[PDB]
Structure formats: structure tokens, C-alpha cells
Amino acid sequence: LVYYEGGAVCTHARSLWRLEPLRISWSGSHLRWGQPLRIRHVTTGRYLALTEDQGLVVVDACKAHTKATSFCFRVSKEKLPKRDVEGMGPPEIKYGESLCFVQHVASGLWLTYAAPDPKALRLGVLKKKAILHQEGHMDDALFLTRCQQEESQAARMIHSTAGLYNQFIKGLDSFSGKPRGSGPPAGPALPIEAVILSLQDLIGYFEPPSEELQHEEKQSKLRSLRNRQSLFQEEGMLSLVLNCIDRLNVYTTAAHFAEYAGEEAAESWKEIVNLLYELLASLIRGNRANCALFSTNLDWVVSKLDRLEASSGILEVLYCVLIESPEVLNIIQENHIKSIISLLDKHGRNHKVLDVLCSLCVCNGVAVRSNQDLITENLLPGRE
Amino acid sequence: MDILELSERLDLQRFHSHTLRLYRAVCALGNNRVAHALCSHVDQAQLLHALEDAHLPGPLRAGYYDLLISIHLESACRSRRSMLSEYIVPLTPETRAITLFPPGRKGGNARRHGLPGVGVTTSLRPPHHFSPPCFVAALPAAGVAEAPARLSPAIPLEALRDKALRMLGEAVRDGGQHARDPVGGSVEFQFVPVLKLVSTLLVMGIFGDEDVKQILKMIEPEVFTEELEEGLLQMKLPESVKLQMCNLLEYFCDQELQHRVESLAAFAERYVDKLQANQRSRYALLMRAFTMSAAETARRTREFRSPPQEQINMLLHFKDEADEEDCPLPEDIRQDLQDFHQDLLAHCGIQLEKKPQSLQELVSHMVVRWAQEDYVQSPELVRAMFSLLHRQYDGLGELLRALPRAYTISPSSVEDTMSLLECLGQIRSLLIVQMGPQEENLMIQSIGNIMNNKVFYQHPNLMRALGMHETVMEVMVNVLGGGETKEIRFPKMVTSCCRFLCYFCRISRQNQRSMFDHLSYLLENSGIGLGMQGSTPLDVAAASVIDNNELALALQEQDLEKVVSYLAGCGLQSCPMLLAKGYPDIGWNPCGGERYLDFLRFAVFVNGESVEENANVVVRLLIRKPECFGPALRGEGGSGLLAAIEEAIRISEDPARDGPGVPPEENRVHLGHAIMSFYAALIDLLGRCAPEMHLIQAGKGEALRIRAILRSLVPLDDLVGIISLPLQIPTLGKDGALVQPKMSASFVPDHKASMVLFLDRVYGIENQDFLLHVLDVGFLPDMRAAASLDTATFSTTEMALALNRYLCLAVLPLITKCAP
Amino acid sequence: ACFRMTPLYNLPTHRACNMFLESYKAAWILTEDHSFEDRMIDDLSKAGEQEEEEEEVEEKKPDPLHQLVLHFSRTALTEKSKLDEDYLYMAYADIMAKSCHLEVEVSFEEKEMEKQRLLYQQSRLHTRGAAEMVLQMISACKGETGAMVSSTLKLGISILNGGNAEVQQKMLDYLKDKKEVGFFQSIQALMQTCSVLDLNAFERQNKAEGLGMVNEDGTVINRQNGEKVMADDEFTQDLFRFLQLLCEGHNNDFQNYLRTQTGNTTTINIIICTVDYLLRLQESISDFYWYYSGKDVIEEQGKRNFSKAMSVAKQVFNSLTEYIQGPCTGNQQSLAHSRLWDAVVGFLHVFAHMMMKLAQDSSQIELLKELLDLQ
Amino acid sequence: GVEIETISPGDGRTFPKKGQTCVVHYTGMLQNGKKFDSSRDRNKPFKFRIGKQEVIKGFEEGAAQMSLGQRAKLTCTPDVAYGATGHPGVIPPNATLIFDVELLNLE
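Calculation criteria
Residues numbered from 1 in each chain as written, not as in the entry; some residues may be left out. Chains lettered and ligands numbered in written order. Part of a larger assembly, values for the part shown. Heavy atoms only, no water. Helix = DSSP H or I, 4+ residues; strand = E, 2+ residues; numbered from the N terminus. Buried < 20%, exposed > 50% of the residue type's maximum accessible area, 1.4 Å probe, protein only. Areas by Shrake-Rupley, 256 points an atom, 1.4 Å probe, with all protein chains shown as cover. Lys, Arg positive; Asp, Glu negative; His and termini not counted. Charge placed at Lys NZ, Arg CZ, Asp CG, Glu CD. Pairing = 2+ DSSP bridges. Salt bridge = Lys/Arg side-chain N within 4 Å of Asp/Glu carboxyl O. Expected span 1.5 Å × (residues − 1). Contact = heavy atoms within 4.5 Å.

### Brief notes about the overall build of chain A
For step 1, the next point in the chain: Regarding its fold elements, chain A presents 15 helices and 11 strands.
For step 2, the next point in the chain: Its C-alpha atoms give chain A principal-axis dimensions of roughly 90 × 60 × 50 Å.
For step 3, the next point in the chain: Within the span of chain A, comprising 384 residues, buried residues form 44% of the whole.
For step 4, the next point in the chain: With an accessible surface of roughly 19900 Å², chain A has 55% of that area assigned to carbon and sulfur atoms.
For step 5, the next point in the chain: A gap of 6 Å separates the mean positions of the 42 positive and 45 negative side-chain charges of chain A.

### Observations regarding the pairing of strand β1 (residues 87-90) of chain B
On a regular strand, one side chain projects to one face of the sheet and the next to the other, so that they alternate.
All names here are of chain B.
For step 1, the next point in the chain: The alternating pattern of β1 places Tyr87 and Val89 and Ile88 and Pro90 on opposite faces, both of which are buried.
For step 2, the next point in the chain: Looking at chain direction, β1 and strand β4 (residues 406-409) are connected through 4 bridges and run parallel. Bridge pairing in β4 links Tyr87 to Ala406.

### A short note on the pattern of salt bridges
For step 1, the next point in the chain: Tallied over the full model, the rule gives 62 salt bridges over all chains.
For step 2, the next point in the chain: With its nearest N and O atoms 2.6 Å apart, the salt bridge here joins B:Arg166 to B:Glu52. With B:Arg166 in helix α6 (residues 157-177) and B:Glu52 in helix α3 (residues 44-52), this residue pair connects regions lying 114 residues apart in the sequence.
For step 3, the next point in the chain: Relative accessible area serves as the criterion here: at 40%, B:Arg166 is assigned to the partly exposed category.
For step 4, the next point in the chain: Under the relative-accessibility criterion, B:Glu52 is labelled partly exposed at 37%.
For step 5, the next point in the chain: Between C:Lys154 and C:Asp238 there is a salt bridge whose closest N-O contact spans 3.9 Å. In this pair, C:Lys154 sits in helix α7 (residues 147-158) while C:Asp238 sits in helix α11 (residues 233-247), placing the two residues 84 residues apart along the sequence.

### Section: helix α4 (residues 215-234) of chain A
For step 1, the next point in the chain: Its 20 residues place the ends of α4(A) 29 Å apart at the C-alpha level, agreeing with the 28 Å of an ideal helix rising 1.5 Å per residue.
For step 2, the next point in the chain: Among all positions in α4(A), only A:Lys218, A:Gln219, A:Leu222, A:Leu225, A:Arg226, A:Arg228, A:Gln229, A:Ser230, A:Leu231 and A:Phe232 are buried.
For step 3, the next point in the chain: Summarising the contacts, the buried residues of α4(A) are in contact with α2 (149-172), α3 (192-205), α5 (237-248), α8 (269-284) and α9 (288-292) of chain A together with α3 (64-77) of chain C.
For step 4, the next point in the chain: Looking one or two residues beyond α4(A), the residue adopting positive phi is A:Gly236, at roughly 80°.

### Quick word on the environment of C:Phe72
Residues and elements named next belong to chain C.
For step 1, the next point in the chain: Within the secondary structure layout, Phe72 lies in helix α3.
For step 2, the next point in the chain: Sequence-wise, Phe72 and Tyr89 are 17 residues apart; in three dimensions their C-alpha atoms are separated by 7.3 Å.
For step 3, the next point in the chain: If near-sequence neighbours (up to four positions away) are discounted, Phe72 is found in contact with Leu88, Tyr89, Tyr92, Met133 and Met137.

Geometric descriptors of this kind do not, in isolation, establish any biological role.
Structure representation (C-alpha cells):
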């Protein structure tokens, strides 16, 4: 469904529409008013359409037949397609000026916010649902604004990455049960190579900038990194990546993974689980909002701290959560303290564990005596 | 294995150095309960030997030095450091001996500059608290949140300062040799830990006068003369130790600033005696001035009819020499002040050769030499260097910004002043710790000590100078921020501090005016404050503008808009606090409504006169929001004002509707009474914002419009009915048992007081028919009820006293005004 | 109370010293003038005994002033939501600003000497990145009015005085290659947040003055505490002075930049926004005049309010003149199609009735001549 | 409750009774053999007022049997020691404490 929304909501990738003209050749010609052209949402792979049951919706890419999907721009609302030009074309529509009115090519309807408002919007923030009106009000003129190339690229890879891992999740849960034993796999082969390459590409895509950079351009890449993390988590990809670990963690060892998926995927099981934590760490690193999401499911990582497939990966994810979100320390209890201390006794004298413990005491220069007493009570008197 | 083997076993070195980082982590920010526990694993012997251990590795040597500072010195140091910015100078005989310059004969204007940090300082800093760490002592009977706050573990500081002085001298001599094996493996690891220890001891003031003399000798042996061998400022040091060097010089520049403030206070003590003596003598000569003068004596007695604030300005208003006529001080006194200003600017180096010859010129040359020697890469070092450099050049400026925090007190109140400063240090030390029950009782008992402290009332100007109100409000922001959505945790401290803030405003007008600047700040945080009962933050907001006409005038329009919008939400939604205890659901919160209305009453009522500018603004918002009046007066589907009263009395009389039905809890909400009191609060607001008689007589357009609108809203009949309501008089029965109804669940004269004040200010009494028409039904039963209750038994009861205050606040002044 | 109150000699010694301290500082420390900015900047700006080696690389490591400017540019460029107040920066921006300006038929010769010494003072700063530092801090302030951005504007004015061509060129180049939108987002936000004349605030101030608030420990007579009307007039004047100095000298390249930005992905038209502020000022002037239309005489506080409101309107008109002179055809077309005319009409209506209103009394000639040079 | 083994006995005549402070220069150790506290590291004798229950019960009842200049090895069960609550952050719950007490002097 389409809506009119305000504030910092639409600075993300969900508000990017692709102007795709009907002409295969010279599609990048200057827009002239009153031509047929499709509208597509990049992150969902869907096109604006006029449906009978629900009016204005987005339809899948296999059901956009240019009848209910194409729209024509007009300079004004006065009642008046033009022949295409085999060239660059006349520059007519500008950015931020030269107000345009959008009318459907076939039905002749006009985009307009829905005047009725329910009780939810009566007290909450307004979200004016877009209903394709017959005529429209006076102020339905739309302004066209440019969006930067990198975030447009990020928007496209959100839909590509979402489809790739959603298929991978749909493969894993298909044989979540049903042990293979000595027979063939359940269904289609897992896109292991596609997943591995996509993981490594995103790990380097979210790789933090090096310290050797100039201190000015460094923070410009910091701003880019925070922006990329914000859009990726807001589009639900951060919520999506957790499910991958959740599906893969139900198997203790590679042989146990082979019995439910196959020997071919058993060899890459350790690699994929190692890379998934790295992708999660790169996604949440340096962002306090994204790290705040672990304040509700903090016990998730703590329970998996003893998993042997990726000990350093989960420890690094834990470190990223603690170093950035102060509120997580307040959620930390005696169970988590004893778990972290048990890491020293089971995984050896890892100094990174002590780093996690040091992050448990103080955050943002504020003491947490609810945790300091636990650390000195469960670790120091043992002298072991 | 020998710990020196960790210089090669780098696998254990990283882990053990991180272990020492955890040891500092668990004892950081004043967790002295754990800092006492650390004395078992790392006792005094290991730490002291590890200081002098010259073959210890780099990270381990700095780890143990920082561990020693964190365990034994951090808690005392931070608390003292927070008190280094305040100068409460008592007036004592040795305070008098403080002079800007040491005795000398070099020159009349200024002698040779004295040694920094050397001499006597009389500024009040609370003594450190330490406890000998003993583990065989029996466990305290008092548990957590009741036991006294743990003190820092003890360590012999007299021996420690000697050890630090000796090793610093050793490091200076060793550094001069330019040996290829510096202690700890590097120059930074050799000098940074020991300079950290020296700086911490210097801040605490552990070092004596001769110890400071030695430290200055190691810093620079030629500039700091009193009347290889190279100082620490000529060693080509790395950037990391340069930061500790700046910290060392910063301490001495704070000593110079404190010395100037103390000298100014001593000069104040010397000068006020001569000023008061001269003015008192001139008082006697002004009394005999009538023997040789006439009615023009007002030019001479204007000083005596003017309060002392501008008297001293007129006395001291002779600096530019073009204004000597208004100054009656003789030229010897004027010469005394001009001389003290001359060496004051000389001490600041304003005006009056490669030898720096002073601390200010030494620091300035040292900093600019460091900066031009190489491109400094540490941003913290750069900020520290330029902070020192700016403080050397703007000597007058730092004194200028230090004076508002300075104060002089009588010697008879030092024993209560130190206790106050100790309590203030407790509150300051609690700003960096999360909410805890043990942490909750600490400020509550500290605040109670502040209330019992007489200096809190004797010197409110000093109370504002120390600025405890900012700290208390910041604590309020902290507790309101924690659990900002679900529940405001730890109410016991919330009401204690809000009680302190309310008690703070009433002390003086200036304190109230200063607190008034946080009204908007408090108002935003008061949105979720409705979940609190007692001394709510709104009560602090209300007390911030009580009886202050200027503050009421200056109170902004959107502050009242926000309050009315919150009142609108009160009138359209139920109370989550009421629903939490199980109270039956109704569409509005009367208790929260009354709380908002009380502040609205204080916003527009000042000293008996309504504020027209605030009044028309607030009433217009009530007009724009019809639902704020409650279930009655709504218009569309509404009931009469009188009509909602009988159902309110029905709820109060009949149980299982007045509350959850499971005071019993000593603060049990009575839903019927609350509904029955919201109307009283609303009507009292409407009566108290009414246009005045002189405005109505003058016929101002908006004044008449507002009064006509308000009269249109409330019909006159509803008033007469509420006034005519009979009283549940406490009768006598069952063998002399005085049956007094529950004062929070019965008809009390408080509700009627708003009715009578409402009619008097708004409607008034015009003719005899209307006067007797309301008199016979409404005040006549009250007068007979008071006459019936006037006896040796009932008159002591609350209801009879309530009638006694009633008749004389509502009926009798109305009758007296409407006598003819 | 004054005739029966406690004489000075009967005050407690500690209390008597307490207000003595604040009186001494107000009468002898504030009044004391110490000029150290020029010699301190000279010390920081002199390269001392490291160019004697004359290394082959000639890496030219920064002198102390340039290091200080770089440090402030670094903390300005830190990715931070709220620009925290820095007392160090406030004192050093003030010192840099006070170390530049240093200020009857005086001839054109020594006037040119004073000019070419002023450019030497500005050259001591702008060659060390202070010009880019000012731009960065304006962008980093995010349109939050405060004492830190006021000192930033004061520094930009002090390093721009006389319309320094090279300083404007450096600023234009820095905005053109950085292509930061936040500089004009913040400039627009500060200018919109600038306050106009308020009748309600004036009436409340008049009533407060009628009451005459006094203290308990003594008494202050006619306290001159913080005025709630035109409190930010100094900041608004500084902001428009800085904008005028940017385009002074007919820098048509920068005048086109203010109207529109080719590099930036979003364009903010400062010229029309300046007209919008002029509109808000013209409504404030008209209404505040309408409060005196009934009154026969204009009192002193109202005279002071006009003196500062007209001073701000003078600065706004000077800035608007500087945007279109040269001539800049883009700005001329923008003001032609803008809402400037209604503000012009409003002032003409105010002026016409105003001069005659001030003509019947001789106590308002000072205010009237400020209106004469404003028009 | 406490088991005392003499180490370097002194006079054996005068005992610390009620009324005078007991000045011991002890050395405490856990049962596992890891030292947890001493007084020679602090280089200051531990002076405790007898009978005020300021020290743990095991130490208090043990200190009466040694004489002036007597050094003995005590053994305090957790019942006469900190017990289940232990000493927070120092001594683990339910630990037996051995003290190398040396009553060097009285007052």
C-alpha cells in the first residue's frame, strides 16, 4: 500500500521510485510531460498499479501490463501521449521546481491523500494513505527530488540480498527436520556459492575505514558507514540475518548438519556460520540504534557463547553490542556474568573475554554497580 | 614464575595487563566496596614493590601504577578535584596573613614572584576519608542500603609521597644520562606512570611545602630558585608524557588562581574594617552637619538612605579619577585600594632577558617552544597545551571567572560548612553512577543533612554559588530518563529531591528566579511525572512561580499551552496510575486534573490580584479545548455542573465504586471525592482568573469579552445548588463517640470555598433579592452548622475548624463587602 | 524601609565582604582594559628556530597558530549530532577576532597604510585555514543559535572586514569543492530562528519595570537585567553583516552562489529567505508602531527598541543592496519576483506616518535621523 | 569451634582478658593454601578491642588462648567464620580459614 509520510521516515530506501519509460532505446532521454512511463519500487521489485479491489497498490513484476501501471506527467491540471524522439530530448522537468501533476494514462485518475483519518492517526503521527482520486484537491502537485547514487545502489542490493537469503532460508527450513540418512537431499540445492560470495561482498561493503586514512576523509567514510548500516537495518535485513544463524545453530556439528542437509553442505557449514556473525558484527558496529536491538534479545548471544563453530565471532558481536549500547549493561544479570566467566574456564585465557568484562563495568563514563559486584563476586574469590 | 619473565612471554603479558585493566574496571568511579576487596589480591606490599621494580615490562608497570591510583587514590582525588573549583574562604587570623606577594624589598610595585603551590591556603576543602582494609573484621550488622558508605582503602601517604619524590628524582637523573635501557622499556613507560602518581598526590595536596619545592626543582631548577642539572622541561620528551607535564603545570596555575582569590579575600577583610570605621565616623559627623548646613543634606544622607549594595559602589567609584566627588573616602584609603590594584595587575603580569623568571612566562615559553618544535599529533595534548597557554596570558580573565564561585564566611560556621561540602561531594559523586537502592539512600540522608544544616538558610547566595540545584535537577533528569516509558523507578528519592527543590525556591527570590530558568526543562519532564504522588515535579514548577509577579509575567505562553494540552489528555484519558492499583475505569483523571489546575492557579494568581496577560492566554486555551472542563459543561451530550455533583456524592457514599474495593494505604484515592474536587479546582481557577473591578469599570473590550464568555459558560443556578448542598456534620452518638466522617471522602468546605470566591470575583452581588436568594439556602445552613458545632468538644474537630477558616475566607468577606 | 534600614557599619564582616567582591570586580576588573591579543597571536604566528636547518623536503610543518586552527577544524569536522560548547574555542575565537581589527582630514595615504595593515592582520589568519574553519563551524552548528556560533560569526566578520577578496575566494572555493549543503541549511535555520519585535513581550517588560524588582540583601535600583525584546539583535546584525561581507566588492561569483548552488544536490535561496526575514521584521515594525499610533509621545524604552530594530533593518538593507549590486541579474530577477514589494510598501506606510509623528516633538530627533538614514 | 596449634610459644602466663585491646600481627590463608590477607604486608599491627564483636567469632574466641609473644596456627570453621554469606568478593561461601596469628604485644 502507498502512503504519504513525513519526517525522517522517507530518507531511507523505501521511498525510491524508478521512472521507467516505455521506450527500450533512449530510455534516459529528458522527461517531457504527457508520456507513458512505469513507476517501480527498487527495494521491493514492484510496480505502482491500479487494482480493482484495493485501488492504488504495488503489483509484482510479472503483472504490469502498462494499462493500470503507466502514468503521465502534466504541467498543470488543464484537460488536454507524444511521439518519442530518437535523441537526447528537450529538457523540461527540473528538480525542486516546475511543479508537476501526475494523471493515470488509462483511468485518468489523480494521486491524492486520503482525507479521513482514523483514531490511530488522531493521536499518533499522520500517515495519509494515497488513494488514486478521480480529480484531486488543489495541492496534489508533486515535487521531484534527486537521491544520491550510493544509496540508490544500496537500495537495489537490499532487494537482491533479501531475495537471495530469503531463498536460502526457504531452503533450510524445508529440510529443518526429515533426516537425510543415506538418501538424497530434500529438494533444490542450496545456493552456497552465491551465499558465500554475497556474504564476503557485504563484509567488505561494511568494512570500517582504516585508521591510516586522513582524519577528515576518515569520518566522511564513517558517515557513509552509519548511513549504510541505518538503511540496511531499516529495510529489515538486520532482522533477516539473525534468522540465518537461528536456522543453522540447531545442528551441533558438521556431521549432524550433513544428516539433515547433506555432505556437500557440511563442508561449507563452518564457513557460512563464521561469515554470518562477521556480517552481523559489521552491520551493528558503531551504530547505537542497531546495537539497541539486542537489548531485548540479549540472552540470544549469551546462550550461544559456548558454540564451538564460531567462538570469536559471537564474542566480537557481543563486544560490539556492549561497547555501543549503554542500556544493555542494565539488562545484564547474574546468569550472563557467570556465562562470560565460564568462557575463561572453557575457552582458555582469552584476553578478549576480559575486554568484555571491562565493558560490563563502565559505559559512557557512568558506573554500573549492579554489574561490578557480580563480576567481583563470581570471579575474584575463586583465585583459579 | 617470576613476573619479570613476562617481558619475554608476550602471551601472558597481554592477558595479565588486561587483568589489571579489569581490576581498575571493577573499582572505577568510587566503588570503594570492591576497592576494599582488591586489597586481598593486590595488597600494599606488591603495589609498593612494583613501583620501584625497574625491570617490570611497560604495560605491567603502567598497569600497577594506574591500579594503585584507581584503588587507593581515585575516589578521594575526584571528590577533592570537584571542590578545587570552589573557594569558600573563612575569615580567620591566618587568612589575614595571606598576602599577594611574599615579604621582600625588590620593588614597591611588585617584588619577586613567589613559588607556586608554596605557602598557606585557607580555602575550605573537606578532609579525605580512608579506612584500613581489614578482612578479619566481623561482617556489619546493617546490610546493603542501610550501612554507611564505604570509605577508600588506606595507604601510608606520608611514605608514598616520599617514594614518589625519590623515584621522580631518580627518573630525572636517569633521563639525563640518556641511557639505552630506560625503566619499563621506554621513556613513555618510565615517566608517564610516575608523573601520574605525582599529579594525583599534588591534586590531593598530600605533598608538603618542601615537597612542592622539590617538584619545582625537578621541573625547572633555575627558574624556581629561592633566595645533569637540567629540568624536566628540557628533555625532548614524547607526546604522551607532555600531557602529564601539562597536568602538572595546570595544578600550579590553579594554585596561583586560588592564591589570588585568597589574597583578595584577605584584602577584603582588611579593607572592610577601615571602610566601615570611616563610614561610621562620617555618620556621626553627618548628625552634627545640621550645625553648619541646611536642607541640602540629602546629598550627604543619600548613602545612608540607600542600601549597602550601591553604597559600596559609590565608595569604590573612583577608579578613573573623574568621579571623585561622589566618593567620600579619604585619599589614604583610596591610595590603599589603588596600590592593591597595582600589585594585583602586577601579580597577573599585566604590565610594569631570556630568563622566564616566573611560572606564567615559563609555561608560555615552554608551550610555544613545544608547539614550534614539532607538529603535535595528540588532540588532547593540543587542547591541554592551548588551555594552559590561554590561562597564562588571560590572567585577569581566569580571576574574573573565578570570582562568582568565591565566597567569604564567618569562622563560627566552618564546622557546618565542611559537613555541607562533604554532603555536596556525596551528591556530586553520585552523578556518575546508575540507580541503586544503596545509592538511593545516600542522597536522601545527605539531603536531610542539608535541611538540618543552618548554612543552607544563612547563606543562600553561597548555596546558589555552589549550584546544588543544577546537580539535583540533573539527578532528576537521570532518574526520569531511566524507565522513562514504563515506570519511574525509585520514587523515594524522587520525592526527597523534589521536596528539596520546593524547599529551595521558598528561601529567597533570587534562588526562585534562578530556578525559574528550568521551567520548560522541568515541564517536558513532567509529562511522565504524573505517575508520581506527593512532591511531584509539577509542584516544583508551581513553587518556581509562587507569589512572584515578575516571574508570572515573564512565564511563556507555550508553557501554559503545554500544561493545558496535558490537562486535555487528563480529561480525555484514564489515569495509568489509577488503573495500576485496580481503580474502576472512567474517562478522565481528576487527581491529575487537579494537580494541573493548582499550577494554573499559581500561574495567574499573584498576591491576591489576577495577572491579566497570563489570564486571557490560559482561559482562551480552555475555551479552545471544551473537554478540559470534564464530563459536565461539555455541551454535546453533556450534563449540568450541579448534576455531576449528586452522582459524585453517590460514588463517595456508596462503596466498591469509590476505589478498587479489594485511608487504608494512607494515600488511597477516593474517586468520588476526586471527581467532586476537580470541579472545585476548575471553578477556583475560573474565579481567580476573572477580570478585575477596575478593568470592568474601565470597560476594556477583552476584559468584558472574557467575563461575558465565562458567565455564559457557567449558569448561575448550578452555583446556588452546590452552595446549597447540605454538610455531613459530625454528630454525637453511641456513648459520646464523635462520629467524624472521613475527611478525604466527605463533603468538606474546600469545595464550597471555590464556589463563593467564584461568584464574588465573577458574578458578584447586585441586588438584595439575589443576595437573600443565595443567603437563605447556601450560607444559612453553614452558619447554623458552625453554631451547632461551636462547643467544648466539636470545635476542636477538623470540620468545625474548616468552617472557622471558611466563614472568614469566603462568606464573611463577601457579607462585609455586600453589607449595604 | 530605606530610612529605617541597617546602616553599612552594622553589617556582618563576611556579608560585607561578599558584595564587596562583586562590586570590586564590576568596578575595577571589568573596567580594566588589557590588550594581549596582538602579542599573543604574534607569538603563536612566529616560527621560532626550526627553519634554520632548511631541510631538503621543506615539509613546512605548521606553526602553533596553524596547529590551533587545524585542531578546531578537526573538532568542528567531528561527526557529532550536537555541537557542544567549548570555552577554549570561545576564548580563542574571541582572541583571534580581537587581534585583527585593532579599531580630522586624515589623508588617503595613511588610510591606505591602515588598510594594508588590516589586511596584514587578516593575512596572519586566513592563510592558516581560519577561513575554512569558520565555514566548517557554521555548517557544524546545525542552525542552533548560541554563544558559540555568535563568536564564530564574530570571527568571520573580523577576518572579512573591508571585503577581503582572497578570503572570499578561499571561502567560495572551499564550499565549491566540499559541496556541503549543511552550511546553507544552518545559515537558513539561524536566520529563520532570528527574533522580531514582540508587543506582548514589550507590555510584560513595561509592567515589570513598573513593579521595579529589588533584592533582599540590599537593593538594586532600576535593574538592567536581560531584555526579552531583541535579545538576539546583536547576533542577527552579525549574521547579516557576515552575509554582506561575503558578497562585498561585487563578488558576482559568490552572489550567484547565494542565490543557487550548482554543486549541491539541493538549492537554498538565501536571498528570498532574507526577504522572508525582512517581511517578519516589517510586520513587527508595523504592529509595534500601531501600539504607539494612539499614544501621543514615545517613551524611552520604546525609543531604545526602535534604535535597535532600525539598526537591524539598516543591516538587512545593506545586505540586500550587496546581493544585487554589480549588478547580479539573478538576484535582481529573484527580488523582482519575490515578496520584497510588500515589505517595501509596509515600510513606506510606517515611514509616512512616523516622520510626522516624530515631527511635533523635539525629543525624538535622534530616533528620526536614524529613520532618515535607514530610508 | 576453632583448633589451635602452637608454633613459637612465648611465656604462656598472661592472657588477653576483657578490658584491654588485643594487638595481633597475624597472617591469614585460605584452606587451599592461597594467602588472602596479612598484616606484615601493611607493616602495621592489627589492634582490635576485645569483646565488642568487631572481629569474626572464630578469631575472637581463638585470640584468648594464646599468651603474650605466642604465635599459633588457628583453624576456624565456616560456622565460626563468615559462613554461607562469606566475605563479598574476597572469601568464597563456606570456607575454612587458617590464621597464622602472632599475639606480639598488648596495648
